[PDB]
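File shown: structure.tsv (TSV, C-alpha atoms).
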```tsv
chain	number	residue	atom	x	y	z
A	6	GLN	CA	-48.44	-14.64	44.27
A	7	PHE	CA	-47.23	-17.58	42.18
A	8	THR	CA	-46.60	-18.30	38.50
A	9	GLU	CA	-48.15	-21.35	36.94
A	10	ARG	CA	-44.83	-23.18	37.23
A	11	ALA	CA	-44.36	-22.24	40.88
A	12	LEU	CA	-47.95	-22.81	41.86
A	13	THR	CA	-47.76	-26.22	40.23
A	14	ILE	CA	-44.76	-27.05	42.42
A	15	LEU	CA	-46.54	-25.74	45.51
A	16	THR	CA	-49.70	-27.66	44.60
A	17	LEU	CA	-47.74	-30.82	43.93
A	18	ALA	CA	-45.91	-30.53	47.21
A	19	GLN	CA	-49.27	-30.42	48.99
A	20	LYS	CA	-50.54	-33.23	46.79
A	21	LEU	CA	-47.58	-35.37	47.75
A	22	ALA	CA	-48.09	-34.88	51.47
A	23	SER	CA	-51.67	-36.06	50.96
A	24	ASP	CA	-50.69	-38.94	48.60
A	25	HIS	CA	-48.20	-40.23	51.14
A	26	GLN	CA	-50.51	-39.46	54.13
A	27	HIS	CA	-47.89	-37.20	55.74
A	28	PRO	CA	-48.95	-34.90	58.74
A	29	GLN	CA	-46.60	-32.23	57.53
A	30	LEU	CA	-45.59	-30.82	54.22
A	31	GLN	CA	-41.80	-30.51	54.19
A	32	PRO	CA	-39.05	-29.27	51.77
A	33	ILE	CA	-38.71	-32.94	50.99
A	34	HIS	CA	-42.13	-32.89	49.35
A	35	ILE	CA	-41.46	-29.67	47.49
A	36	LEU	CA	-38.21	-31.21	46.27
A	37	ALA	CA	-40.28	-34.26	45.30
A	38	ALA	CA	-42.74	-31.87	43.57
A	39	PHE	CA	-39.95	-30.67	41.32
A	40	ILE	CA	-38.90	-34.14	40.29
A	41	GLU	CA	-42.14	-34.98	38.47
A	42	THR	CA	-40.33	-37.13	35.90
A	43	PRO	CA	-36.75	-38.39	35.36
A	44	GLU	CA	-36.54	-36.32	32.11
A	45	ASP	CA	-33.01	-35.18	31.12
A	46	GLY	CA	-34.29	-31.99	29.49
A	47	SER	CA	-36.61	-31.01	32.38
A	48	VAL	CA	-35.76	-27.96	34.51
A	49	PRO	CA	-37.54	-29.48	37.54
A	50	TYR	CA	-35.13	-32.54	37.34
A	51	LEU	CA	-31.77	-32.15	35.41
A	52	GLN	CA	-31.75	-28.71	33.83
A	53	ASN	CA	-32.44	-27.71	37.44
A	54	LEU	CA	-30.68	-25.07	39.36
A	55	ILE	CA	-29.84	-27.74	42.01
A	56	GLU	CA	-28.18	-30.06	39.46
A	57	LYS	CA	-26.12	-27.32	37.96
A	58	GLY	CA	-25.68	-25.63	41.36
A	59	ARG	CA	-24.38	-28.21	43.81
A	60	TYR	CA	-26.06	-31.56	44.56
A	61	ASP	CA	-26.37	-34.29	41.86
A	62	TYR	CA	-29.84	-35.55	41.00
A	63	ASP	CA	-29.11	-39.26	41.21
A	64	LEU	CA	-28.08	-38.44	44.76
A	65	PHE	CA	-30.99	-35.93	45.18
A	66	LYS	CA	-33.75	-38.39	44.43
A	67	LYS	CA	-32.19	-40.72	46.99
A	68	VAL	CA	-32.27	-37.95	49.58
A	69	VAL	CA	-35.83	-37.02	48.80
A	70	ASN	CA	-37.12	-40.58	48.66
A	71	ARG	CA	-35.32	-41.54	51.87
A	72	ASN	CA	-37.06	-38.71	53.63
A	73	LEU	CA	-40.45	-39.44	52.12
A	74	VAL	CA	-40.10	-42.93	53.62
A	75	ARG	CA	-38.87	-41.61	57.03
A	76	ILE	CA	-41.70	-39.04	57.35
A	77	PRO	CA	-44.60	-40.80	59.24
A	78	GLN	CA	-48.09	-41.55	57.90
A	79	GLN	CA	-51.59	-40.49	58.98
A	80	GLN	CA	-55.06	-41.76	58.13
A	81	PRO	CA	-55.23	-39.45	55.06
A	82	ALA	CA	-57.52	-36.69	56.48
A	83	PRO	CA	-54.75	-35.40	58.96
A	84	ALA	CA	-52.24	-35.02	56.13
A	85	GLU	CA	-50.53	-31.59	55.97
B	6	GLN	CA	-9.47	-28.24	19.61
B	7	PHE	CA	-12.88	-28.81	18.04
B	8	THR	CA	-15.09	-26.56	15.94
B	9	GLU	CA	-18.68	-25.76	16.81
B	10	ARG	CA	-20.21	-28.78	15.06
B	11	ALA	CA	-17.50	-31.12	16.35
B	12	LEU	CA	-17.41	-29.88	19.89
B	13	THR	CA	-21.20	-30.09	19.98
B	14	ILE	CA	-21.40	-33.63	18.65
B	15	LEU	CA	-18.73	-34.72	21.14
B	16	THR	CA	-20.49	-32.84	23.92
B	17	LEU	CA	-23.70	-34.65	23.05
B	18	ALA	CA	-21.93	-38.01	23.28
B	19	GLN	CA	-20.62	-37.05	26.71
B	20	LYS	CA	-24.02	-35.70	27.69
B	21	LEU	CA	-25.76	-38.94	26.73
B	22	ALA	CA	-23.38	-41.04	28.83
B	23	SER	CA	-24.13	-38.90	31.87
B	24	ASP	CA	-27.89	-38.53	31.15
B	25	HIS	CA	-28.48	-42.23	30.82
B	26	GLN	CA	-26.12	-42.78	33.77
B	27	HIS	CA	-23.77	-45.15	31.90
B	28	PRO	CA	-20.46	-46.55	33.40
B	29	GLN	CA	-18.56	-45.60	30.23
B	30	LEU	CA	-18.66	-43.19	27.28
B	31	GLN	CA	-18.05	-45.20	24.10
B	32	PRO	CA	-18.65	-45.38	20.22
B	33	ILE	CA	-22.33	-45.99	20.96
B	34	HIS	CA	-22.70	-42.53	22.48
B	35	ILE	CA	-20.92	-40.73	19.73
B	36	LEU	CA	-22.97	-42.66	17.21
B	37	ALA	CA	-26.02	-41.66	19.26
B	38	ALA	CA	-24.81	-38.05	19.24
B	39	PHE	CA	-24.84	-38.23	15.45
B	40	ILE	CA	-28.11	-40.13	15.32
B	41	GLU	CA	-29.95	-37.52	17.32
B	42	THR	CA	-33.31	-38.26	15.78
B	43	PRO	CA	-34.60	-40.52	12.96
B	44	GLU	CA	-34.77	-37.41	10.67
B	45	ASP	CA	-32.71	-38.05	7.52
B	46	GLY	CA	-32.45	-34.32	7.10
B	47	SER	CA	-30.38	-34.14	10.21
B	48	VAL	CA	-26.93	-33.41	8.88
B	49	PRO	CA	-25.37	-35.56	11.67
B	50	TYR	CA	-27.63	-38.60	10.87
B	51	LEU	CA	-28.46	-39.77	7.28
B	52	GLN	CA	-27.62	-37.24	4.59
B	53	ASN	CA	-24.45	-37.50	6.66
B	54	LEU	CA	-21.63	-39.88	5.99
B	55	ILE	CA	-23.74	-42.55	7.70
B	56	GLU	CA	-26.18	-43.28	4.83
B	57	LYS	CA	-23.88	-42.18	2.05
B	58	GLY	CA	-21.13	-44.53	3.29
B	59	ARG	CA	-23.26	-47.77	2.62
B	60	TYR	CA	-23.78	-49.06	6.21
B	61	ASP	CA	-27.39	-49.97	6.89
B	62	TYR	CA	-28.14	-46.94	8.96
B	63	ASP	CA	-31.37	-48.44	10.31
B	64	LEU	CA	-29.13	-50.91	12.11
B	65	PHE	CA	-27.08	-48.13	13.64
B	66	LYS	CA	-30.24	-46.44	14.83
B	67	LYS	CA	-31.68	-49.55	16.39
B	68	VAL	CA	-28.42	-50.88	17.81
B	69	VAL	CA	-27.27	-47.56	19.18
B	70	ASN	CA	-30.52	-46.52	20.77
B	71	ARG	CA	-31.03	-50.07	22.04
B	72	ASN	CA	-27.54	-49.93	23.52
B	73	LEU	CA	-28.26	-46.65	25.26
B	74	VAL	CA	-31.01	-48.66	26.99
B	75	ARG	CA	-28.96	-51.93	27.43
B	76	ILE	CA	-25.78	-50.31	28.73
B	77	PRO	CA	-25.95	-50.67	32.57
B	78	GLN	CA	-27.29	-47.78	34.55
B	79	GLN	CA	-25.22	-46.23	37.40
B	80	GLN	CA	-25.36	-43.73	40.25
B	81	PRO	CA	-24.42	-40.06	39.37
B	82	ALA	CA	-20.93	-40.49	40.82
B	83	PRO	CA	-20.18	-43.55	38.51
B	84	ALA	CA	-22.16	-42.01	35.65
B	85	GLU	CA	-20.06	-41.42	32.44
```
Is it possible to give me this structure as structure tokens?
Amino acid sequence: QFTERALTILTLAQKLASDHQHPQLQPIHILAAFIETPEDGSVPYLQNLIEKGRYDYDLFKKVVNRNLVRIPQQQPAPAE
Amino acid sequence: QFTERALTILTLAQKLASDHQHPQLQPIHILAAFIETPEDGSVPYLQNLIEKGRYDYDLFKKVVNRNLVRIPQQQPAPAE
């Protein structure tokens, strides 16, 4: 099972596939789910394990957004 | 090197330049490091040398925070 923080990320990932009418929920959306805001003090964005781990978040958001654009749309009901 | 208060205030200046994705770390950031919040009780901000030294500290607050906003934003690689 999931914690409130984790379940929120899961939920948001699903939300994002629906919001963007995507047929599939991908790591791109879960990555998008973490970057809720651009807040410097937020663990989901810059206090993040990814930021401190390996890939920079200014570069990260570009990767995530590029993929959200590349992933094809549906007529909302077929999302995910 | 620096002591705990000094290394921290320098670190904060450096942190601000990278958080706001600025092209250069400068006097604005170190002033911002000192002017962490509007609280006069903050030892780094008003009961500090800043109010006691005469300078109209409200001006530093407004100019410095305004400059954190006005200073051009960059990609993570050019940040700081």
CA of residue 85 in chain B and CA of residue 39 in chain B are how many Å apart? 17.9 Å
Taking 3 positions as the minimum chain separation for residues in the same chain, which residues sit within 8 Å of residue 35 in chain B when counting all atoms listed in the file? Answer as a PyMOL selection string. chain B and resi 14-15+17-19+31-32+38-39
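Least-squares alignment of chain B on chain A, taking all C-alpha positions paired one to one, leaves a root-mean-square deviation of 1.2 Å.
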Selection near residue 67 in chain B, 12 Å with all atoms listed in the file, sequence-local residues under 5 positions removed, as number ranges by chain: B: 33, 36-37, 40, 42-43, 61-62, 72-75
Tell me as a ChimeraX atom specification which residues belonging to chain A come within 9 Å of chain B, counting all atoms listed in the file. /A:44-45,51,61-64
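Closest to residue 76 in chain A among A:30, A:8, A:57, A:16 is A:30, based on only C-alpha atoms.
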Can you measure CA of residue 52 in chain A to CA of residue 22 in chain A for me? One decimal in Å is fine. 24.8 Å
Distance CA of residue 29 in chain B-CA of residue 83 in chain B, one decimal place? 8.7 Å
Enclose range 30-47 of chain A, meaning all of its atoms listed in the file, in a box aligned along x, y and z, pad it by 3 Å on each side, and list the centre and edge lengths in Å to one decimal, as JSON.
```
{"center_x": -39.3, "center_y": -33.8, "center_z": 41.9, "size_x": 18.6, "size_y": 15.1, "size_z": 30.7}
```
Output file request: range 36-67 of chain B, with C-alpha atoms, as an mmCIF file, in the first residue's frame.
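Below is the file that was written, part_5.cif:
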```cif
data_model
loop_
_atom_site.group_PDB
_atom_site.id
_atom_site.type_symbol
_atom_site.label_atom_id
_atom_site.label_comp_id
_atom_site.auth_asym_id
_atom_site.auth_seq_id
_atom_site.Cartn_x
_atom_site.Cartn_y
_atom_site.Cartn_z
ATOM 1 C CA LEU B 36 22.340 40.828 0.626
ATOM 2 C CA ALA B 37 19.381 38.505 0.021
ATOM 3 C CA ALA B 38 21.087 35.829 2.123
ATOM 4 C CA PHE B 39 21.193 38.348 4.951
ATOM 5 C CA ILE B 40 17.689 39.621 4.272
ATOM 6 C CA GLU B 41 16.160 36.189 4.557
ATOM 7 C CA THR B 42 12.796 37.444 5.704
ATOM 8 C CA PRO B 43 11.315 40.859 6.649
ATOM 9 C CA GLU B 44 11.681 39.883 10.376
ATOM 10 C CA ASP B 45 13.758 42.527 12.174
ATOM 11 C CA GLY B 46 14.557 39.926 14.786
ATOM 12 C CA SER B 47 16.507 38.011 12.226
ATOM 13 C CA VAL B 48 20.081 38.574 13.292
ATOM 14 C CA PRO B 49 21.202 38.615 9.606
ATOM 15 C CA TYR B 50 18.566 41.275 8.620
ATOM 16 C CA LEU B 51 17.728 44.363 10.789
ATOM 17 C CA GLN B 52 19.025 44.167 14.341
ATOM 18 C CA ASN B 53 22.039 43.336 12.190
ATOM 19 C CA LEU B 54 24.524 45.838 10.895
ATOM 20 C CA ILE B 55 21.986 46.654 8.172
ATOM 21 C CA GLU B 56 19.585 48.814 10.251
ATOM 22 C CA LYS B 57 22.136 49.905 12.801
ATOM 23 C CA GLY B 58 24.465 51.174 10.059
ATOM 24 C CA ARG B 59 21.934 53.915 8.833
ATOM 25 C CA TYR B 60 21.083 52.617 5.307
ATOM 26 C CA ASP B 61 17.356 52.588 4.658
ATOM 27 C CA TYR B 62 16.964 48.878 5.010
ATOM 28 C CA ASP B 63 13.495 48.917 3.426
ATOM 29 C CA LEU B 64 15.289 49.886 0.232
ATOM 30 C CA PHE B 65 17.651 46.946 0.511
ATOM 31 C CA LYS B 66 14.716 44.626 1.018
ATOM 32 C CA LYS B 67 12.785 45.930 -1.947
#
```
